[PDB]
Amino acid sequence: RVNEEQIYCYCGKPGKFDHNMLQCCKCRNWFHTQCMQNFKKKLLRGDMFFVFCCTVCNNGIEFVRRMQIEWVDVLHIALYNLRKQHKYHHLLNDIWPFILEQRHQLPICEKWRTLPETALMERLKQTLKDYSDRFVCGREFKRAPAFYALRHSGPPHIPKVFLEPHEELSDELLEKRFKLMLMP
């Protein structure tokens, strides 16, 4: 009755989407990063912000590009990796440190990367408000609210990129068609 059908990589083994797996834009098949050619980077759980095209669809040349991600993406990644932390998460105590730890590693613009901490705090506070649909705000008794959590169980929202088989794989096309930003 309830057997979950697991998708498979071309290697023949199953896998998890939010755990080192990417989907080809052209063929729409899923691949283990290891089962890819020269992809060897540890990936935070939920972080799939890449544009991938396999060797089959791209004339034998594997195509990977890292996306440029916004603060909401960083926050969703933060809350997704933490929570899987025995209800909510204090902004200053649990969310703030983690982003600071990973700021260097995250695919964001230099402005975001080198942004002052006070200006960063207010920017993060507002982002969580603008994205109230994804983030619940929690308040302690007789305390200003400092607690946040994902309103639902899901991983970071990531825009789907599906190309026609005959289309060029230019960064120009990806930005014109899908409104994406790519990390240089």
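Heads up: residue numbers just count along the shown sequence, starting at 1.
*Asks:* Unmodelled deposited residues between residue 86 and residue 87: none, 1 to 3, 4 to 9, or 10 or more?
*Replies:* 1 to 3 residues lack coordinates between residue 86 and residue 87.
*Asks:* Between residue 84 and residue 85, count the deposited residues left without coordinates and pick a bin: none, 1 to 3, 4 to 9, 10 or more.
*Replies:* Just 1 to 3 residues are missing between them.
*Asks:* Mind pulling up the entry and telling me whether 37-45 or 145-153 has the higher mean Cα temperature factor?
*Replies:* Stretch with the greater average CA B-factor: 37-45.
*Asks:* Higher average CA B factor in the deposited record is what I'm after, so tell me if that's 21-29 or 163-171.
*Replies:* Comparing averages over the C-alpha atoms only gives 163-171.
*Asks:* Could you say whether, by C-alpha temperature factor, residue 75 belongs to the lowest, middle or highest third of its chain?
*Replies:* Its C-alpha B-factor, which the entry lists for residue 75, ranks in the lowest third among residues of this chain.
*Asks:* Hey, what third does residue 51 fall into on Cα B-factor, ranked over its chain?
*Replies:* Lowest third, going by the recorded CA B-factors of the chain.
*Asks:* Where does the C-alpha B-factor of residue 119 rank in its chain, lowest, middle or highest third?
*Replies:* For residue 119, whose C-alpha B-factor we compare with every modelled residue in the chain, the answer is the middle third.
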